[PDB]
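Trainee: Below is the structure, and that's it, no one-letter string:
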RNA sequence: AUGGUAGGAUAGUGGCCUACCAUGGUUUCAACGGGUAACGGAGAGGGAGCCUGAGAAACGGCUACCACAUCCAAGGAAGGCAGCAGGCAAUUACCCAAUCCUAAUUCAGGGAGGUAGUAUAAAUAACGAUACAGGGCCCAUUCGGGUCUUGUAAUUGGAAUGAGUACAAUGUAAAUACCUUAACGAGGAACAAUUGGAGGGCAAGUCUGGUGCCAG
RNA sequence: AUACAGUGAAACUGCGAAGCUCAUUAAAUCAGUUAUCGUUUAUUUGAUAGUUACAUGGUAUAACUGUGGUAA
């Protein structure tokens, strides 16, 4: 009900499955979006003749569900967890040039996909009442469809949850500023401008879940020595006294 | 997937929530690879933070270059050679790839003063200087992160020795680098400082050992939003006050508007604040208010027009708030002089009636007869006689910086206020615009650099009365102890710093390096009679200068960098070309500071007299352990004096100082022809010969200087 | 412009150009000019200029000018992409073997070149045996007339082989494809081609109008 | 291999670098043929120069060693 574009993975060796066409019927029944078929596991074929025949049967059947002449991609195998570059490059141009038809359902209501999830309930309330207590939650993301009214109290549904009312609404600057927008604040896209923003996913090497963050990665003796230090430097200062004069008493703390 | 120590995510999240900055110290060869992660953690905490990154380095970049096509040209080369995959690009490269990083040298720290950066990364620990610290840390925003990269092995060894025992200080094979050792110990005292390794393990020596995550969410903003809402209908006040970021400067802008409304030409408005508190925004907004009010001839004066760029920018923002449009309502005129770098000089405004804003050199006060308003920015840098001439029968706005750039001593501002006591209106801005008030790092930066130190009147002196000149005896100060960061030594250290700053005209942050690390400098304190931390009454900073420094110089040239210079021997050489004087061992009194309140009773003279006897021999190992602390002060008899031939002074020629040195048996040898631009005074070098040493050469120099002086009365 | 004398330049002839001299040259036997199914010569961002070499006013390089536009610490640097290929979307992968060539050359290379990638003939079936029943078909507006081995919506038997499943060799620069060729491969032969048309008939079913049991 | 002698990065020498897109033009394009005693011509091929020396100089530097500037 929300996917503007869909990439449909079909096991070429095995063929179509229930979970595929059911989405097509659900997509057919809630507003057909742009539908792109990608065929995989084709390297499993041992003969070229059966591969071509299998490709022909699959592409024609994909033309029954989706408009005849629909674009269907074919992927052979996976190397280093990566598909062949060119077929992966070929689909780049298609997705870039796709224009999307106006859908009645999507163009009349506001919707937005949760980029990240955060619970704002005070930890003290979680303890004095217990975990059972209802939780204050903040959900972030980009708005789609018709504009969302600025005044709070708007009624909104969350799939698999129930109906809630918007307690508070505020706009934040863009986490993933598009190139024409970022530089604003026939020419190819500059590779600096290309950006990736994924809060929940691990981008680079850092993954964040709940409030704990996870990352992947003579001097060595000294570092273990520093790490094993117990007393704080401020505490060590307390013990230190200084002689103001050569024969004067050690003065510890100024009154 | 390792779980990072929970202390680091809590500190970054806390500081963002309270709008406080944070310091991180990363130790390790792979230290650079953690900056991407630490930089990513920023936006996750809060997205609104500034994404621009400041990074300072001395000469070379850690493992890369700051030009793009070379990186792309190289990355193409590894891919084609096959060493790297076609699309492989590490996180450290990714951090540099997409973020806006400003590459800056340590020497050119002046350029970064105005701009605002979310994060500052400091490459080199050894080359750190107070100006490079005060300047860079001030450019970080509230919730920002400061990082210092202690990658050097010698720094790594230095950290080990202090942590194992604070008493022992690691020392390599003449620079002692005590301040850098202070920087380490002080970093521990900061509550919002975490020192970490390349594996993101929080080393325990940090002060931020118990930083706990604060609960989810200021009164300052409430007092500001209400004020803006109340004044929205009242133009031009509403639009101009809307630009205010803070409560105090909004009051200052309102106070300026009141002065503009009063129309009294004998009125004086003095704006005093620290650097980064938004004086220029207040002054620029106030100027825009005068244009809308109806003032025609508006003047602006400063030591150079280049410093006024930030002011004129904020005037135009005020003009935008007031509905003025460029090329229709006003025109901007830029300088044709190459020295001013196309700095804006004049703004002509045509709405209602012809109004003009124009820059003037401070010396050109004769044009001010027609001035309705002059705005004097950075009056601390202008000579006192000149600013007196600038105080004409017209409205005057003054912005003077306390502890900004070179600025001036606090007492000099106080002397200016006493003179004004012409109606005087005083405005003070205390609360910063860039971060939360009372940020630990500013509190921390102040104690390390002692910028915010203030002189205090001592009640016990009043009860006992002022000590007679004869009673006190001079004490030598041990630098290692004074520079150990003990609370007693720090509080003792502050007291000299107060006397250091208050007395004389100009004081740069880098001076605290010069007293600390350089060996030739020795500190003398004129303490009261011993009968509590002793309170200094006069402080003399002297530099050994002559043949004795030559051994140090030769070592410096062996290193490949000449360190410092011998001022007086060089001047006397270029002037008289006397080979003997260079060979002669002598001492230069770099500075002699006395309490302004107790001036004229003779503290300065006796300390010189006691100093003169000490080096004359009339009064006839304290080094810290090198990988329990020795006494803080050493008596004159306890330390042998070095053999000296003369005592020298260098100071701006003034009648009060010249009389003071004339009474102390000092003889003039030279006077600079060109006036120091900031003071307008002529530098003079005066010498005094000690008993038991030849005095013929001074007499010959004195004869020449008079004949030089006599003919040069006319020229300059 | 036609020509002579002399000179300048070319690799050289020559108004090709230069100084003087004569007023000439083509043409109603079609000069000159116009149209055309005369695809039946030019440049590499735009003009000007230079440089190399046997051969280029060079799809090479250099100078100034006119515009485009990139990076930057704003002090400078550099580009010819002002391109190419597409739509109103995969032009890729393998080679110098085969025909040829450039070179300090047998051997190096050539996106010259080559290799591969993405309307025409067949099959869906053929041959028997048995059992059980008397109706099957043709003509005719009309009434009726004409003719004889038939129907199965019944049971059953042994043979044949193609698409597929595929071991090989051959083929080739190698490889795909082609040709040839072991084993397996059918009764719902479910190993389950369609498209269009003409008629039916059925309910404790529904509706509408009537001269009941009717009609639509 | 007691001058080096196999192979050989780099550098100095030698040789060769000579499809597309727009416009359009009547024997001024092009085709056939003549002449160059009016010319240039790498290369191929055949001929062709009797008119300190038991071997001269850096009047020479690259590659190379090392010191640096620059955002580049």
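Mentor: Nice, I can see it. Numbering: from 1, shown residues only, chains lettered A, B, ... in the order given.
Trainee: check which helix or strand covers residue B:528.
Mentor: Secondary structure assignment for residue B:528, by DSSP states H and E: no helix or strand.
Trainee: Leaving out sequence neighbours, find the closest residue to it.
Mentor: residue B:467 (5.1 Å; Cβ to Cβ, 6 or more residues apart in numbering or on different chains). For every residue, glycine as well, the C-beta is placed using N, CA and C.
Trainee: From the chain's centroid, how far away is stretch B:73-85?
Mentor: Offset of stretch B:73-85 from its chain centre (Cα atoms, centre = their mean, to the nearest Å): 46 Å.
Trainee: That stretch and RNA strand C in contact?
Mentor: No - Stretch B:73-85 does not reach RNA strand C (Cβ under 7 Å from any atom of the strand); its nearest approach is 12.0 Å.
Trainee: and the residue of the stretch 101-250 of chain A nearest RNA strand D?
Mentor: As assessed by Cβ to the nearest atom of the strand, RNA strand D sits closest to residue A:192 within the stretch 101-250 of chain A, at 14.9 Å.
Trainee: Now do the contacts for that residue.
Mentor: B:68, B:97, B:98 (Cβ atoms under 8 Å, 6 or more residues apart in numbering or on different chains).
Trainee: quick one on the thing from earlier: any idea how far residue A:244 is from the residue nearest to residue B:528?
Mentor: 18 Å (Cβ to Cβ, to the nearest Å).
Trainee: Next, the buried residues of stretch B:414-426.
Mentor: residue B:416 (16 or more other Cβ atoms under 10 Å in any protein chain shown).
Trainee: Count the neighbours of residue 204 for me.
Mentor: Just so you know, I chose chain A. 17 (other Cβ atoms under 10 Å in any protein chain shown).
Trainee: try chain B instead
Mentor: 17.
Trainee: hang on, it in a helix?
Mentor: No - assessed with DSSP: H, G, I helix; E, B strand; the rest coil, residue B:204 is coil; it does not lie in a helix.
Trainee: Give me the contact list for the helix or strand containing residue B:554.
Mentor: Using DSSP H and E, the element containing residue B:554 is helix B:547-559. For helix B:547-559, the surrounding residues in contact (Cβ under 8 Å, 6+ apart) are B:174, B:519, B:520, B:562, B:563, B:566, B:582, B:583, B:584, B:585, B:642.
Trainee: ok, for the residue of the stretch 151-255 of chain A found nearest chain B, nearest residue in space, not its chain neighbours?
Mentor: Residue nearest to chain B within the stretch 151-255 of chain A (Cβ to the nearest Cβ): residue A:233, separated by 3.5 Å. In this structure, residue A:233 finds its nearest non-sequential neighbour in residue B:188, 3.5 Å apart by Cβ to Cβ, 6+ apart.
Trainee: any residues touching stretch B:39-51, and which ones?
Mentor: A:172-173, A:175, A:199, A:203-204, A:206, A:208, A:213, B:8-9, B:12-13, B:16, B:53, B:95, B:99-100, B:116-119, B:141, B:143-145.
Trainee: Repeat the analysis, applying 6 Å as the threshold.
Mentor: Here stretch B:39-51 makes contact (Cβ atoms under 6 Å, 6 or more residues apart in numbering or on different chains) with A:172, A:175, A:206, B:12, B:13, B:16, B:95, B:118, B:141, B:143.
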